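Note: ideal-geometry Cβ built from the backbone for every residue, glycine included; neighbour counts use all protein chains shown. Derivation of every value follows stated rules applied to the coordinates shown; laboratory data play no part.
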Amino acid sequence: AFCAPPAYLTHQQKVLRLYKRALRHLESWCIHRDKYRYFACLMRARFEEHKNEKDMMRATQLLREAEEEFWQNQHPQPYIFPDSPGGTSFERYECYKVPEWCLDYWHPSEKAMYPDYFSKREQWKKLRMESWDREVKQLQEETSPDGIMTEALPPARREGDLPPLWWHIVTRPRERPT
Amino acid sequence: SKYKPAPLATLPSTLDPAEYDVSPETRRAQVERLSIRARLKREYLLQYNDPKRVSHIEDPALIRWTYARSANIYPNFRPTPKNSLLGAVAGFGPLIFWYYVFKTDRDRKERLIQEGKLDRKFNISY
Amino acid sequence: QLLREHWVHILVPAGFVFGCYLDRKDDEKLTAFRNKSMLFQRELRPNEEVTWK
Amino acid sequence: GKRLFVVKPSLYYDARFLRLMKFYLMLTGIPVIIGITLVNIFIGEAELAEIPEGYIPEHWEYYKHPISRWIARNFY
Amino acid sequence: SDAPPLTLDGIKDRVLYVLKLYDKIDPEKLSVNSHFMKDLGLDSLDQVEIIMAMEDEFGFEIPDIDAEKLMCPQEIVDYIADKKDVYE
Amino acid sequence: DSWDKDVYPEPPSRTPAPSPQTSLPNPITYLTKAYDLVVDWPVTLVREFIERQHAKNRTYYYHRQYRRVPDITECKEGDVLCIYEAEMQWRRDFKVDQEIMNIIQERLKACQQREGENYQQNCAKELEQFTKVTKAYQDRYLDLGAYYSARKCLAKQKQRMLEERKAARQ
Amino acid sequence: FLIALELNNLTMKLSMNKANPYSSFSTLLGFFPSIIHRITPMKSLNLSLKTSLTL
Amino acid sequence: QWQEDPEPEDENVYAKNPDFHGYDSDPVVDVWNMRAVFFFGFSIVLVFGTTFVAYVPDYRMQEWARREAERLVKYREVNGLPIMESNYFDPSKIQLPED
Amino acid sequence: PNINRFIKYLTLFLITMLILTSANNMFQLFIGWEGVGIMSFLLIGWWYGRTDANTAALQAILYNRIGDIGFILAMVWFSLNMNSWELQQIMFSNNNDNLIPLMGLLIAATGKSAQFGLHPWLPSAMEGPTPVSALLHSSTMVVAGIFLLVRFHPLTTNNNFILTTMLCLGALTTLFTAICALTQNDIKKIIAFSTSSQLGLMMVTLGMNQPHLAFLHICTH
Amino acid sequence: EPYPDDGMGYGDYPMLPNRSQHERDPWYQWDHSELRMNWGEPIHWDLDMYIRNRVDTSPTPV
Amino acid sequence: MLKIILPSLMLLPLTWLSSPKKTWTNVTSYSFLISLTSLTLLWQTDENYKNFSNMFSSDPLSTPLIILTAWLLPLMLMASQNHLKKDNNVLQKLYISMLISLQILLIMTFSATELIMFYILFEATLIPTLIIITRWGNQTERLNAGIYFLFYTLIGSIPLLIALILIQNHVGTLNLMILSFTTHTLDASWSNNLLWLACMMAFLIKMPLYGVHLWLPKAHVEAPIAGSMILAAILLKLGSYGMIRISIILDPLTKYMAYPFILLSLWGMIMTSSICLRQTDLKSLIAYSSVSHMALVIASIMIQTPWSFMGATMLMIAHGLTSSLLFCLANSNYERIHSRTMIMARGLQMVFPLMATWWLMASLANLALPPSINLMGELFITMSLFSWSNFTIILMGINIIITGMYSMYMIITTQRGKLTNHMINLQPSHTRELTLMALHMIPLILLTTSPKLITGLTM
Ligand SMILES: CCCCCCCCCCCCCCCCCC(=O)OC[C@H](COP(=O)([O-])OCC[N+](C)(C)C)OC(=O)CCCCCCCCCCCCCCCCC
Ligand SMILES: CCCCCCCCCCCCCCCCCC(=O)OC[C@H](COP(=O)(O)OCCN)OC(=O)CCCCCCCCCCCCCCCCC
Ligand SMILES: CCCCCCCCCCCCCCCCCC(=O)OC[C@H](COP(=O)(O)OCCN)OC(=O)CCCCCCCCCCCCCCCCC
Ligand SMILES: CCCCCCCCCCCCCCCCCC(=O)OC[C@H](COP(=O)(O)OCCN)OC(=O)CCCCCCCCCCCCCCCCC
């Protein structure tokens, strides 16, 4: 979530993703902790015994066969953490994740209910206003004239500067707003 | 012991054979797709985090999709025998079918009522 | 100056009064069967001269 | 404690509209409802009677509720 | 009432608790800045198992890309704090 | 009670006397006595006050009666005056017949609820009355259409009488 | 109760067993939600757009 | 290019008039328009008109038809008459064709 | 933040459920039926930021609307043939062929009680909060089709085909839902399929000429 | 790659693959998070059928 | 009727003589008073019809339409007085004059007692809505929409004029009561079939019938909010009222001549509900929903049952109210985000809670939630159609299912879900538009409370 995906997944990343998914489905089958630990050590032994492959064409073939085996032997209802997608509590508080710009449309009475918070909000707004021009200049400088471009973003590289496009990251709503 | 993909149950992106037999052309195509995605993302994020923005962000993709779904269809329509037959069937066949259904039902009802064989027990408000 | 600056507020009530008057004119125009209907043919009371106005 | 600010939209305008709507509706209806209750308690509810011989009733006299009789007498 | 909040020290203590319960890591050489492959001598499967242990402790999963980005207990602690909005 | 048992018949209630075998007190009797003393007494007091206020301000209203205008059978065709009078009389009688059917149906529903488990036997006369009035209503008003009128009712009656007369030939 | 207790003790027993179509049918709700909720909305909405509106 | 005016941007109307009611830019006409809409719309139409419609009596002869039906039911039940005659019109006054 | 709205929605559902239970005419029965359905929609889609919750509420609306089609067929037939939606004139309709209205009532009961063919909206409807799941889909709303067939049991006793198809449908759905419940992992899903199995048992009890046993099982369940 | 020129009004609109939004990566911050789509990328002709509230084309375990 | 017509006429000098800072206030207040005056037509204590004059009369069918028109005029002013703030004063007064002229001509059309005057006021109402759509519409396609609307209506209405002149030559007066009393049965020849088609096709065009409904979606999309309101809430009902008025002299050949139009209505309501399921434009969705509801009204009027006529009248009034309300809510979102895309604004329940409540209530009215008059009309239409033929229940049930589906789909995709946080220009709410939603919803509640007002001619 906090990192952007690359153009393609390398072979090592595909193998590690398969290993983690296989362990999760193995725990979904095993339920009990001791049984899960036994069969997870067996799965780790399988991955270790196929680890040192040098041809890499046979390694891709083994990865394909292992993926076929996983799709044949996966749990129909694997365990999902509640906050994870497909879980029971996933996107539950999106109805409460109100974006911060409605305080701009708040009435002066409602602002008068919270004086100090709105003063600090104005300070954040002024900081954003200066940093926007600074970071637009930085992003224009940092952009390659031609070639390969990814979704990664530069940090602040000088004193008294903020990272570009920091507003929607820093001022995002909390995961438990209430 | 094999997963058979369907239009409604597609092939996994980890089970398709095209993933394991990769080519440098496919790799550079994926890199170019990531480059296009990153350029669009950078433009959208600049427009999104600009504080002087006082309006919503327009989506030309959404505008194109709505225009293609609404106003481009008749400019891009050409009469072919296949769509002529499809339009004739989809515009008349249900009408003729329900015509024969209702005509047969009401003819049977009128015949039963005229020969007295249909009994109206308490039907007073029709 | 209120009559000068608020004279526009009498146009719609004037139209309403004029419409009521025109409706009364149509009512007294259509009196060919006043107390002549076979449903409501009744003898006049001594203190009245018409059944309805 | 450690209480945090909760971001909410402007409920002020919805609350103000509801308050104004209820204000005007109450401002006329409460006199109307009070008048309905007073009329029904004290006067009216005309009971059915046989027409006396040789008597021609007024048209509003064919109606039951006193408010209905008043409107039919004054405007119809 | 229920669900007490997380703190930075609590997250650090629980992460170091799990890493000390790991057998391949000797607790005397474990630090909050100990790298998994540099000065701990682990591998990618070990890192995946560590991340799965952290997910099992804190009751929510880390996505795979951030998970393979995480390579030290301080990085894991910072990720947990950033995800759970633990500011102090 | 503004209603009368001639048009809303009701059999007299036959309630049995209480015969409590048990020595336990009846909470229903306790609650009904308390409910009377708490609720029924102030309600009947304020109702008596309202009734005496109405007696102080008593008014009367009458039920309008229409004389019988000549029927459409003696109305010449194209004479819209007498045709209008007969059509209005027919619509009035149509509304009266609608309310007659409502009265009969309400009477049948009351019979069914009163009898309960014995409605298949004790509502024989109510069901017979409902069937007869339904048959008469179907003979006079059914299949007229949305633009029902005295002319259409007369045409339907003439057609039905012609069919009956032709059946009576043989 | 006794049969389910024996089956739960067998799940406690340390052995992986190969999955069966009966257990897959039971866990995936008899395939009714997947099959019907994928074929009937698809046919209905595709018929709507591809025939009524457009054609 | 042709000398066309640029696109006007809709400003936040609540920024200069936080008590904006939707009717007019200046506050006085806005609040008087709100008061006129509420008073002439809710107060004297949705209340007085509702009361007038509620106290329209005998609407399309509902209760008159009910009372006349009750009277006819009483008469025909105490006189042994049928509740409804099968023929609306008397057969004596109808001249059927001969053939 | 919206606990008052949650409580108000539960109260509105209770009002509509008691309207549906105590209604004497089929139109008021329909008012309670649809109010119960709409409050079910809102309470399933309580967390309206959840796409799966919105989808579950929508599919509950869909299956209940198919049940509504059956209900409207029965209501229209009774209006045309007995001139009322009143249960007393339905009792007088007990003595003729009631195949079309009884089939419509069976379709309505299937849609509301989540029998086979129209079942999965209930375990989908477990997406709402747990008090909603309990009150709505465990005790009160889902027994409304069983209550409807209990209501029209004097018509149902004289139609053998309706009794046989109700018995077969209830047996099929209780077997299928118990089988589905055998291997579930979500505890709410397990007890929801348990609820559907018990509703199938009530439909079996209605397939026999035992409506009062079905109502007693409604209360106990 | 556009739709074939069958005279059905598609025009030059692209033939995106017939996969619903459920197959999209749920851990990525899409610009349209409900739609799981980024800003500026082409929109499928049947997005209103392939949204997450509607028809699913995700792979099944069987 | 003159006491309603005359002050509505005097609204125009009030509009042109009021101060620019007082025009909206004065015209809105006096149009509300006009509606309150129009409420006196409900005083019907007899079976007779309120024949006010030799050219104006009131009916149990005409009265709800007149009251709805007089009620919709101030609501149209409130709806339209926001997108005209950056507008010239004389153009604002001209727009108000167009709305007032529409209200006057529609009241006269519904109160007309003579079919030639009905046709003259029919075309008189055809003019200013065309002016409104063409002049104050937003996109480029408003000109094509106005042409489609105008010439569909004109090609419909010309054979209606020929048929009316033929009936006038045959009978003598073309007066409604005289025709109703001295109706003669047609002998069912080809000339009479063509006469039937001539006098029915204009109303079928303006209903609109399926296949000839193509003017309606683009006209409603391109029209301004007041034009959409007056169209979807009065003019289709004007077509239905014309059908009910003219159908009395078409016996008996309407019995077999109604067959293609009933099939067109039923299958077209299914097709248009499917289009609502797959439609990317909110105003187009509302327009096609209007097409389906008016198809139900067409089928009821064709089958000519008293239950069908009552359900037709109730559905006319209910659909007018709920379609105007839906158009006003969609216009509030359009004035917010400057787009009509269905899927663009999603999480509006978060920012606009009370407006989401109005959305929910409007959609529940749209899908005929009991005991509303929407369900009353739809249910009695279903009863009459099932009496006409038992197999119509399949088409009715499919239409009801798809109706609930598109209504709840609209609610979910416009209110529920995650909020589109990029829409920084979401002003909270206008008391004017919240008042507009309330003034739509409350008469629906009151007519639900007392449905005897809108039963119509038959009961
Ligand atoms: C919106 C739809 C528009 C098209 C359909 C319009 C209705 C179609 C059916 C009616 C025929 C046309 C209108 C006739 C009006 C008068 C009817 C009448 O009085 O009938 C009795 C009369 C007969 O007169 P009569 O009733 O006195 O007959 C005398 C009978 N005896 C002797 C026994 C007493 O019918 C006609 O005169 C009809 C002649 C019509 C000739 C012209 C037709 C032109 C084309 C019409 C459509 C044009 C627009 C559409 C173009 C295409 C668009 C895609
Ligand atoms: C305690 C609780 C009590 C609850 C009460 C509930 C009801 C409250 C309202 C009561 C009055 C309802 C309306 C009555 C009149 C209806 C219209 C009407 O009939 O007008 C005609 C009448 C003229 O009388 P006419 O027809 O000649 O015959 C009289 C006797 N035959 O015209 C008149 O008589 C005119 C005077 C009566 C109408 C007053 C209207 C006031 C303004 C609203 C409408 C706007 C009119 C235009 C603008 C006027 C501005 C002042
Ligand atoms: C006629 C054509 C109209 C065309 C559109 C007009 C628009 C403008 C309207 C302006 C004002 C006019 C109002 C017209 C309706 C008047 C309602 C009314 O008061 O009706 C009278 C009724 C009592 O009449 P009654 O004779 O007892 O009823 C029949 C019984 N024999 O009175 C009552 O029962 C009391 C009513 C007021 C008290 C409050 C009622 C609250 C009801 C809450 C319902 C909640 C559930 C709603 C569910 C909706 C679902 C979508
Ligand atoms: C022994 C005898 C046995 C007899 C057996 C008889 C079986 C009869 C079966 C009758 C019912 C079949 C049709 C049921 C359709 C249900 C569609 C539905 O609700 O789909 C839900 C689905 C999304 O839900 P899902 O994917 O399950 O879960 C979300 C998890 N992410 O998708 C959606 O939410 C899509 C959104 C809706 C799209 C529009 C749908 C319109 C449907 C119109 C149907 C018209 C015809 C209906 C005919 C009914 C006949 C009974």
With among the small types (G, A, S), within 30 Å of I:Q89 (Cβ to Cβ) and under 14 Å from the mean Cα position of the chain (by Cα) as the only criterion, which of I:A108, I:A114 stands out?
I:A108
Out of everything in the range K:444-459 that is surrounded by fewer than 20 Cβ atoms within 10 Å (Cβ to Cβ) and at the interface with chain H (Cβ under 8 Å from one of its Cβ atoms), what residue ends up being farthest from B:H56 (Cα to Cα)?
K:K452
For the range H:40-86, the count of residues that are in a loop (DSSP other than H, G, I, E, B), more than 7 Å from chain F (Cβ to nearest Cβ) and either within 35 Å of the chain's Cα centre (by Cα) or within 16 Å of ligand 4 (Cβ to nearest atom) (or both) equals 10
Take the residues in the range F:112-144 that are buried (at least 20 other Cβ atoms within 10 Å of the Cβ) and more than 11 Å from chain H (Cβ to nearest Cβ); name whichever of them is farthest from K:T182 (Cα to Cα).
F:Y119
Within the range I:129-148, does at least one residue satisfy the condition of being within 16 Å of ligand 4 (Cβ to nearest atom), within 14 Å of another protein chain (Cβ to nearest Cβ) and either β-branched (V, I, T) or within 19 Å of the chain's Cα centre (by Cα) (or both)?
no
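Determine whether the range I:34-43 contains at least one residue that is more than 16 Å from ligand 4 (Cβ to nearest atom), more than 25 Å from K:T382 (Cβ to Cβ), without any contact (Cβ under 8 Å) to a residue 60 or more places away in the chain and assigned to a helix (DSSP H, G or I).
yes
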For K:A163, all conditions in the list (1) in contact with a strand residue (DSSP E or B) (Cβ under 9 Å, 6 or more places away or on another chain); (2) buried (at least 17 other Cβ atoms within 10 Å of the Cβ) hold save one; what is the number of the exception?
(1)
Of the conditions (1) farther than 27 Å from G:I35 by Cβ; (2) out of contact with any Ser or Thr (no Cβ under 9 Å at 6 or more places or on another chain), I:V143 satisfies every one except a single condition; which number is it?
(2)
With criteria (1) farther than 30 Å from K:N88 by Cβ; (2) out of contact with any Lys or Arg (no Cβ under 8 Å at 6 or more places or on another chain); (3) among the hydrophobic types (A, V, I, L, M, F, W, C), K:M10 comes up short on (1)
Which condition from (1) aliphatic (A, V, I, L, M); (2) in contact with a helix residue (DSSP H, G or I) (Cβ under 7 Å, 6 or more places away or on another chain); (3) within 27 Å of K:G404 (Cβ to Cβ); (4) surrounded by fewer than 22 Cβ atoms within 10 Å (Cβ to Cβ) is the one that I:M141 breaks?
(4)
Is the range K:2-20 home to any residue that is in contact with an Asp or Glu (Cβ under 9 Å, 6 or more places away or on another chain), of a type in the set (A, V, I, L, M), touching a residue at least 24 places away in the same chain (Cβ under 8 Å) and not in a helix (DSSP H, G or I)?
no
Could you tell me whether the range J:46-53 includes any residue that is in a loop (DSSP other than H, G, I, E, B) and hydroxyl-bearing (S, T, Y)?
no
Given the criterion within 16 Å of ligand 3 (Cβ to nearest atom), in contact (Cβ under 8 Å) with a residue 12 or more places away in the chain and within 12 Å of chain C (Cβ to nearest Cβ), identify the matching residue among K:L72, K:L68, K:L33.
K:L33
Please state which one of K:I411, K:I401 is assigned to a helix (DSSP H, G or I) and in contact with a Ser or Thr (Cβ under 6 Å, 6 or more places away or on another chain).
K:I411
Confirm whether K:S240 is within 16 Å of ligand 3 (Cβ to nearest atom), assigned to a helix (DSSP H, G or I) and within 14 Å of chain F (Cβ to nearest Cβ).
yes
Considering every residue within the range I:176-196, establish whether at least one is in a helix (DSSP H, G or I), within 16 Å of ligand 4 (Cβ to nearest atom), more than 20 Å from I:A134 (Cβ to Cβ) and among the polar types (S, T, N, Q).
no
Could you check, for the range K:332-341, whether at least one of its residues is away from ligand 1 (no atom under 16 Å from the Cβ), at the interface with another protein chain (Cβ under 8 Å from one of its Cβ atoms), part of a helix (DSSP H, G or I) and touching a residue at least 40 places away in the same chain (Cβ under 8 Å)?
yes
Among the numbered criteria (1) of a type in the set (S, T, N, Q); (2) in contact with a helix residue (DSSP H, G or I) (Cβ under 6 Å, 6 or more places away or on another chain); (3) within 9 Å of chain I (Cβ to nearest Cβ), which single criterion is violated by K:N390?
(2)
Lone qualifier among K:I167, K:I133 - being within 16 Å of ligand 1 (Cβ to nearest atom) and more than 14 Å from chain F (Cβ to nearest Cβ)
K:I167
Within 14 Å of chain B (Cβ to nearest Cβ), crowded, with 16+ Cβ neighbours inside 10 Å and not polar (S, T, N, Q) - does that describe any residue in the range A:39-59?
yes
With the condition being touching a residue at least 40 places away in the same chain (Cβ under 8 Å) and surrounded by 24 or more Cβ atoms within 10 Å (Cβ to Cβ), I'd like the helices (runs of 4 or more DSSP H) fully within the range I:66-136 carrying at least 3 qualifying residues.
I:99-113, I:121-124
State yes or no: is A:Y105 within 7 Å of another protein chain (Cβ to nearest Cβ), in a helix (DSSP H, G or I) and aromatic (F, W, Y)?
no
Considering the range D:37-63 alone, what residues qualify as being within 16 Å of ligand 2 (Cβ to nearest atom), touching a strand residue (DSSP E or B) at 6+ places or on another chain (Cβ under 8 Å) and over 23 Å from K:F52 (Cα atoms)?
D:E61
Members of the range F:44-98 found to be among the β-branched types (V, I, T), surrounded by fewer than 18 Cβ atoms within 10 Å (Cβ to Cβ) and either within 14 Å of chain D (Cβ to nearest Cβ) or under 20 Å from D:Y62 (Cβ atoms) (or both), listed by number:
F:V46, F:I50, F:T59
Output yes when any residue across the range K:14-24 is closer than 22 Å to K:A233 by Cβ, within 18 Å of the chain's Cα centre (by Cα), away from ligand 4 (no atom under 16 Å from the Cβ) and more than 10 Å from chain C (Cβ to nearest Cβ), and no when none is.
no
Flag for I:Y9 being more than 16 Å from ligand 2 (Cβ to nearest atom) and buried (at least 21 other Cβ atoms within 10 Å of the Cβ)
no
Out of contact with any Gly (no Cβ under 7 Å at 6 or more places or on another chain), buried (at least 23 other Cβ atoms within 10 Å of the Cβ) and touching a residue at least 24 places away in the same chain (Cβ under 8 Å): is that true of K:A368 in this structure?
yes
